[PDB]
Amino acid sequence: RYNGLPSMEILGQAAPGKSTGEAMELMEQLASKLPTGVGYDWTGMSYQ
Amino acid sequence: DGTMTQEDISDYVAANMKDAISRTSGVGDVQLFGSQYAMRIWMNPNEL
């Protein structure tokens with residue numbers, strides 16, 4: 001659970017050459033295409 | 001859009017918004033103007 005809601009943590013990294021900010025934006029883009037009612041957040045190092 | 005009663009709105013708020021708001025930065029106390037749903041068992045003394 002994350003901030004009180006059911007959740008699933010997903011780890012990953014930027015592909016060689018590309019930047020972390022780039023990879024995060026992509027992840028957000030992919031997350032926007034998910035089924036209705038599914039949101040996302042960043043935590044730990046990515047919150048930071 | 002006439003799809004939810006007051007009771008409904010209050011449960012939506014109690015169950016999906018209140019906890020997050022109450023953990024939000026700088027928020028002290030949160031008062032719900034209404035009530036979360038419970039499983040209500042309305043007993044009938046005649047039938048008992």
# chains A, B, ... in the order shown; residues from 1 in each chain; ligands from 1
>>> residues_around(residues="stretch 10-18 of chain B", least_positions_apart="5", cutoff="12 Å", atoms="only C-alpha atoms", output="ChimeraX atom specification")
/A:3-6,37 /B:4-5,23-24,27,29-39
>>> atom_distance(atom1="atom CA of residue A:46", atom2="atom CA of residue A:30")
16.7 Å
